[PDB]
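Visitor:
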Ligand SMILES: [Mg+2]
Ligand SMILES: [Zn+2]
Ligand SMILES: [Zn+2]
């Protein structure tokens, strides 16, 4: 008659975590590194675009970037970074 | 409906849909077969390509993709018929020009 | 009887009739004379305008009884479908606006198709010009009898009446009898004289 | 330069008369004078004989190119 | 409908005021057809804009005024925003220009500011 | 295919459906532009380096 | 519908000249000025 | 605030209007369709600036009206960041002062945008401001409006579209600023 | 004030695209499940 609930109950419940220090350090180093390495220019976010109007503020707090330097002797011809 | 016993008008079998093409008339055929007989209107969602109702797509849970078409009712029946057999005639919509 | 061969290619139709046929040589070869008791039933959704206004006032005055008469009205400014059994009709003749709809009966000189059941070739359906007469059977000139292969032994003929101008025009220009005298098979002429003329 | 035939075909006659009849049925402008006429299609055939119809047919070749011809400018015949 | 460019061009207050003036020129020059309330809607929006824009200083300016101002103040190191907004303001004191001029003292000097103020006050 | 068109209820290809009609309408293409005065490159060539 | 074109009809009954289904109404001696086509069954083939 | 925008669209003219040049009729209709509306991304439109392309006037089976495609150009109200504006006061609330230009009304100025020395009233609806030693600790504005000056600092578009099967917000709003040094009471500055 | 609304767009079919549906897609399409073998109430009303 009445279809069951979306989540039927469970007799068992998951085993609790085991405590471990060097692992917890690693746990910390995981959350540190995932936020750290995103700086590496291998990571890419969108290029800057769609500015309102030229205001000399853009000259003063301008963003700086210089083109990346891969190994030009290992990849196919078109590898030039531009 | 069927015929004189129950008020059914006339039947226009395949062999006259053939002569209409023979002459080559197009608006006559279109009228006689979908305007006059059983014209009907339906609603579809472009995004998923499925049918809907009352200006709403239950699949995508959105409003900005539904639109209304003209259609012979027999073909709307057919599109609701296939789905039972898990053969899904999805739709891609386009400009009328 | 399945889906397709049923109601996808074999879709039925309304604004149509069926009746027995009988000869009538005293008409042209491009007219079929429908009976009066059918011309009150098939109706054309005309659209009133600057040029035609006053004629349709004359129709709407009549009611469904006199032959040239009307059965329903639909209005531009509101899309309701008044029924001429009711109401002082003459006023509704005055209330007409350009773009309103009145459903008139058949009137002499209306393009109307015509057909014989066992279709074999292009010519088994044609486009005649209608007329009304007091008997109760479709009557036409017998020269056209070879195309249909109809013989007045007691046959039945169908009939349709299109509902949109462009369709009407295509019916007349392409399907007119006068533009289809020769058969498209080899150029032989079919519409011609018959027994008792040939003698 | 245009390549298609200079005559109008049956089908063009049919469709142009049909669409102009639809137009004339509404309150679209009319040019030929009328002798108490009441039916749209008769107005249409009168104008076509008068070559007054405001239409241009845009014939299509299979490859997407096209031509245009003035209804007043095609060869017409009964 | 589609928008090819939602940011096609900025404009001076006179440009829209000039359009409004020529629009009110034909004001109700048509017949008493009274097609729809859309007539009323467009009348309301256009009249209210014109009436409010009448309160703005940029009233009664002229095209040659604008162009000669642009040429005159070309060398003052100003941005498009500064140029256009100033044309849209006609200021009378040095207090508001500092509002309008970002990094004013790092970029400009009070004598340039005074020259700009005098030029705009007289020309416009 | 025309048979499809019969199924779908839209006009076919061959016959009177093969071509299009354009209105002989009183129309001026590319009518004269409305000028603008505020913006020109002469006024607005960027001053940055 | 329900009304006649504007005024006080609320009832609906059937009448028809010829093989049709139109909804008689009775503030105007009318058909609710609308009618609708009855839909029906048959030509195929009390509880459980 | 007034900004030009480039558009395209397709439009029809009913067959009882060919008696007049199409450019004129497309002008009227295109105007009527946009008239006094917001566009989701750019705000309130005012009117067309000018048309630039009138594609051929097709006609379609079953329709008497011709159909045409257009390229054209329109003006819309979009104030841009930090821009300086003048506006009538529209009202007051603890959440901020209300402002309007008469023809447009969706502007707010919250207390954070209000001048510093005071940011609440005597609990009466009208905003009453204060200064440190001078001024009567009461100066205020009026709803029917004085044309104050303000700096635009924030905005918002909100989708007023319907949801679900068919059968208090506004799509477009702005935030102004008056707290800047050199800015505040219009009778004073 | 009001935001502009596209009233309608004249549209036409381009293609049919035949294909299958997954169990999860089938869930997403459905409005309700049906979990009963009976169809009517046992009462006089024969209610579904
Ligand atoms: Mg026989
Ligand atoms: Zn969807
Ligand atoms: Zn009454």
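Residue numbers (full-length UniProt numbering), protein chains in the order written: chain E, 32 to 113; chain G, 1036 to 1132; chain R, 349 to 547; chain F, 50 to 127; chain D, 1 to 124; chain C, 1342 to 1390; chain Y, 4 to 48, 58 to 60; chain B, 1 to 167, 180 to 201; chain U, 3 to 50.
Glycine included, C-beta positions come from ideal geometry on N, C-alpha and C.
Quick check on this structure: which residue in R:359, R:350, R:355 and R:380 has the alpha carbon closest to the alpha carbon of residue 488 of chain R?
Guide: Position 140 of the third chain, counted from the first residue, corresponds to residue 488 of chain R. Looking at the Cα atoms, R:380 is the closest of the given residues.
Visitor: Just jot down, in chain order, the residues whose CB lies closer than 7 angstroms to any heavy atom of ligand 3.
Guide: That query returns the following residues: Y:7, Y:10, Y:11, Y:30 and Y:31.
Visitor: With respect to the beta strand (DSSP E) encompassing residue 188 of chain B, which residues constitute its N-terminal and C-terminal limits?
Guide: The residue you call residue 188 of chain B lines up with position 176 of the eighth chain. Segment 184–189, the beta strand (DSSP E) holding residue 188 of chain B.
Visitor: Based on the DSSP output, what are the partners of residue 96 of chain B in its beta bridges?
Guide: As a working mapping, residue 96 of chain B is identified with position 96 in the eighth chain. Paired residues: B:93.
Visitor: By the criterion of Cβ-Cβ separation under 7 angstroms, what are the contact partners of residue 164 of chain B in chain G?
Guide: The residue labelled residue 164 of chain B in the question sits at position 164 within the eighth chain. Under the 7 angstroms cutoff, chain G gives 1091.
Visitor: Which residue marks the beginning of the alpha helix (DSSP H) containing residue 1060 of chain G, and which one marks its end?
Guide: Here residue 1060 of chain G refers to the residue found at position 25 of the second chain. First-last for residue 1060 of chain G: undefined, no H or E at that position.
Visitor: In the DSSP output, which residue or residues are listed as bridge partners for residue 118 of chain F?
Guide: The residue labelled residue 118 of chain F in the question sits at position 69 within the fourth chain. According to DSSP, residue 118 of chain F bridges with F:106.
Visitor: With a Cβ-Cβ cutoff of 8 angstroms, do residue 1132 of chain G and residue 22 of chain U count as a contact?
Guide: Here residue 1132 of chain G refers to the residue found at position 97 of the second chain. Here residue 22 of chain U refers to the residue found at position 20 of the ninth chain. No, they are not a contact pair.
Visitor: Below 7 angstroms between beta carbons is the criterion; list the residues of the stretch 33–50 of chain U that meet it against any residue of chain Y, in chain order.
Guide: Result list: 42 and 48.
Visitor: Flag this pair as yes or no: are the beta carbons of residue 37 of chain B and residue 6 of chain U separated by less than 8 angstroms?
Guide: By one-based count along the eighth chain, residue 37 of chain B stands at place 37. By one-based count along the ninth chain, residue 6 of chain U stands at place 4. In contact: residue 37 of chain B and residue 6 of chain U (Cβ atoms closer than 8 angstroms).
Visitor: Starting from the beta carbon of residue 1037 of chain G, find every residue of chain Y whose beta carbon is closer than 9 angstroms, and list them in chain order.
Guide: Residue 1037 of chain G sits at position 2 when you count from the first residue of the second chain. Those are 45 and 46, listed as they occur along chain Y.
Visitor: Any residue with its C-beta under 6 angstroms from a non-hydrogen atom of ligand 4 counts. Can you list them all in chain order?
Guide: With respect to ligand 4, the structure offers nothing, as its ligand set consists of ligand 1, ligand 2 and ligand 3.
Visitor: Counting only Cβ-Cβ distances shorter than 8 angstroms, please list the residues of the stretch 421–435 of chain R near chain Y, keeping chain order.
Guide: Going along the stretch 421–435 of chain R in chain order, one finds 426, 428, 429, 430, 431, 433, 434 and 435 with a Cβ nearer than 8 angstroms to chain Y.
Visitor: Hey, does residue 369 of chain R have any beta-carbon neighbour from chain Y nearer than 8 angstroms?
Guide: Taking the third chain and counting its residues from 1, the one referred to as residue 369 of chain R is at position 21. Chain Y, which has no Cβ nearer than 8 angstroms to the Cβ of residue 369 of chain R, makes this no.
Visitor: Taking Cβ positions, are residue 67 of chain F and residue 518 of chain R nearer each other than 8 angstroms?
Guide: Residue mapping note: residue 67 of chain F aligns to position 18 of the fourth chain, counting from 1. Residue mapping note: residue 518 of chain R aligns to position 170 of the third chain, counting from 1. Yes, the pair counts as a contact, with Cβ atoms nearer than the cut-off.
Visitor: Cβ of residue 428 of chain R within 8 angstroms of Cβ of residue 408 of chain R?
Guide: Counted from its first residue, the third chain places residue 428 of chain R at position 80. Counted from its first residue, the third chain places residue 408 of chain R at position 60. Contact flag unset, no.
Visitor: Alpha carbon to alpha carbon, what distance is there between residue 368 of chain R and residue 485 of chain R?
Guide: Within the third chain, residue 485 of chain R is the residue found at index 137, counting from 1. Within the third chain, residue 368 of chain R is the residue found at index 20, counting from 1. Using only the alpha carbons, I get a separation of about 5 angstroms.
Visitor: Between B:27, B:114 and B:99, which has its C-alpha nearest residue 73 of chain B's C-alpha?
Guide: Here residue 73 of chain B is taken as the residue at index 73 of the eighth chain, counted from 1. When only C-alpha atoms are compared, the closest one is B:27.
Visitor: Comparing alpha-carbon positions, which option in R:524, R:422, R:459 and R:469 lies nearest residue 451 of chain R?
Guide: By 1-based counting over the third chain, the position of residue 451 of chain R is 103. Checking every option, the nearest Cα to that of residue 451 of chain R belongs to R:422.
Visitor: State yes or no: is the C-beta of residue 95 of chain B within less than 8 angstroms of the C-beta of residue 117 of chain B?
Guide: For the purposes of this step, residue 95 of chain B is taken as residue 95 along the eighth chain, with counting starting at 1. For the purposes of this step, residue 117 of chain B is taken as residue 117 along the eighth chain, with counting starting at 1. The answer is no: Cβ separation not under 8 angstroms.
Visitor: Pull up the distance between the alpha-carbon of residue 32 of chain E and that of residue 34 of chain U, whole angstroms please.
Guide: Within the first chain, residue 32 of chain E is the residue found at index 1, counting from 1. Within the ninth chain, residue 34 of chain U is the residue found at index 32, counting from 1. So the two alpha carbons sit approximately 13 angstroms from each other.
Visitor: So with CB distances below 7 angstroms, who are the chain B contacts of residue 1098 of chain G?
Guide: In the second chain, the residue the question calls residue 1098 of chain G occupies position 63. The contacting residues are 161, 162 and 163.
Visitor: Comparing the CB of residue 19 of chain U with every heavy atom of ligand 2, is any distance shorter than 7 angstroms?
Guide: Taking the ninth chain and counting its residues from 1, one reaches residue 19 of chain U at position 17. Answer for residue 19 of chain U: no, Cβ out of range of ligand 2.
Visitor: Just the Cα atoms here: how many angstroms apart are residue 104 of chain B and residue 60 of chain D?
Guide: The residue labelled residue 104 of chain B in the question sits at position 104 within the eighth chain. The residue labelled residue 60 of chain D in the question sits at position 60 within the fifth chain. Taking the straight line joining both Cα atoms gives about 23 angstroms.
Visitor: Quick check on residue 371 of chain R: does DSSP put it in helix, strand or coil?
Guide: As a first step, residue 371 of chain R must be located in the third chain, where it is residue number 23. Note: residue 371 of chain R maps to strand in three-state DSSP.
Visitor: Compute the beta-carbon to beta-carbon distance between residue 539 of chain R and residue 495 of chain R, rounded to the nearest angstrom, for a pair I have assumed lies under 8 angstroms.
Guide: In the third chain, residue 539 of chain R corresponds to position 191, counting from 1. In the third chain, residue 495 of chain R corresponds to position 147, counting from 1. Right, the Cβ-Cβ distance comes to about 7 angstroms (below 8 angstroms), so this counts as a contact.
Visitor: Just to confirm the assignment: which complete beta strand (DSSP E) runs, minimum length 3, are found wholly within the stretch 361–407 of chain R?
Guide: For the stretch 361–407 of chain R, whole beta strand (DSSP E) runs of length 3 or above, ordered along the chain, are 364–371, 379–383 and 392–395.
Visitor: Give a yes or no on whether the C-beta atoms belonging to residue 67 of chain B and residue 77 of chain B are separated by under 8 angstroms.
Guide: As a first step, residue 67 of chain B must be located in the eighth chain, where it is residue number 67. As a first step, residue 77 of chain B must be located in the eighth chain, where it is residue number 77. No, they are not a contact pair.
Visitor: Buried or exposed: which applies to residue 1054 of chain G, given that a residue is buried once 16 or more other Cβ atoms fall within 10 Å of its Cβ?
Guide: Here residue 1054 of chain G corresponds to residue number 19 of the second chain, with the count starting at 1. Residue 1054 of chain G should be labelled buried.
Visitor: When the Cα atoms are used, what is the spatial distance from residue 49 of chain E to residue 55 of chain E?
Guide: For the purposes of this step, residue 49 of chain E is taken as the residue at position 18 of the first chain. For the purposes of this step, residue 55 of chain E is taken as the residue at position 24 of the first chain. Straight-line Cα distance between these residues: approximately 10 angstroms.
Visitor: Any heavy atom of ligand 2 closer than 7 angstroms to the CB of residue 1100 of chain G?
Guide: Here residue 1100 of chain G refers to the residue found at position 65 when the second chain is read from its first residue. Answer for residue 1100 of chain G: yes, Cβ within range of ligand 2.
Visitor: Tell me the DSSP secondary structure of residue 9 of chain D in three-state form.
Guide: Counting from 1 along the fifth chain, the entry for residue 9 of chain D is found at position 9. Three-state DSSP puts residue 9 of chain D in a strand.
Visitor: In chain U, which residues lie with their C-beta within 7 angstroms of the C-beta of residue 32 of chain E?
Guide: Numbered from its first residue, the first chain carries residue 32 of chain E at position 1. Those are 38, listed as they occur along chain U.
Visitor: With respect to the beta strand (DSSP E) encompassing residue 148 of chain B, which residues constitute its N-terminal and C-terminal limits?
Guide: Counted from its first residue, the eighth chain places residue 148 of chain B at position 148. Per DSSP, residue 148 of chain B belongs to the beta strand (DSSP E) from 147–157.
Visitor: Round the Cβ separation of residue 1080 of chain G and residue 1095 of chain G to the nearest angstrom and send it over; I've been treating them as touching at under 8 angstroms.
Guide: Taking the first residue of the second chain as position 1, residue 1080 of chain G is located at position 45. Taking the first residue of the second chain as position 1, residue 1095 of chain G is located at position 60. Between residue 1095 of chain G and residue 1080 of chain G the Cβ distance is about 6 angstroms, and since that is below 8 angstroms, they are a contact.
Visitor: Mind checking whether the beta-carbon of residue 125 of chain B lies closer than 7 angstroms to any heavy atom of ligand 2?
Guide: Locating residue 125 of chain B in the eighth chain gives position 125, counting from the first residue. No.
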